[PDB]
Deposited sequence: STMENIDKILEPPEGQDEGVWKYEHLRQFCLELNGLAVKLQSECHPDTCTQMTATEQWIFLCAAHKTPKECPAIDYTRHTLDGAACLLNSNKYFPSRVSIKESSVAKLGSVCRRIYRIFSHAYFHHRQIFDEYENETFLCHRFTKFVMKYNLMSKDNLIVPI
């Protein structure tokens, strides 16, 4: 169980690399909500009440919340929310996603990890490989 919290932390570190690459074109005037592909809006959980943060905010606040939870079932929630950073990038920032993935395989590695430890429902794994 201790390795579960541990390996997740390295993922959050590299996921910051993706978030920094994204903030060059994922802006709140155009990515006004956190979405991936269907008619779902995702509400940012880093607030007293879940909030319709723009995608860039959702990304930052969620990574921040995960980094905070880690240095201190809860794993499943963090993983589900972190994964949306990948799905938003894959569907709305495909070029940046592709560049970053070809260099790090981060989404691949993260997907194998949440499946290896049963941390997300397979139904939520909508990004290929």
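Comparing the deposited sequence with the modelled residues shows gaps at 1 to 18, 91 to 105, with numbering starting at 1.
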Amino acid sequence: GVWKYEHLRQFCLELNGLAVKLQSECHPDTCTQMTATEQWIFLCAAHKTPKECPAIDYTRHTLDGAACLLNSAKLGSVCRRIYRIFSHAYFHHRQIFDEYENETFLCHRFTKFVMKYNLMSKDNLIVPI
From here on, numbers count along this sequence of modelled residues.
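The mean C-alpha temperature factor is higher for 36 to 44 when 56 to 64 and 36 to 44 are set side by side. Mean C-alpha B-factor is higher over 46 to 54 than over the other stretch, the pair under comparison being 46 to 54 and 87 to 95. Annotation for 106, 20, 12, 114: 12 ranks highest, by Cα B-factor. Per the PDB record, residue ranking by Cα B-factor puts residue 26 in the lowest third of the chain. The PDB entry assigns residue 80 a C-alpha temperature factor belonging to the middle third of its chain's modelled residues.
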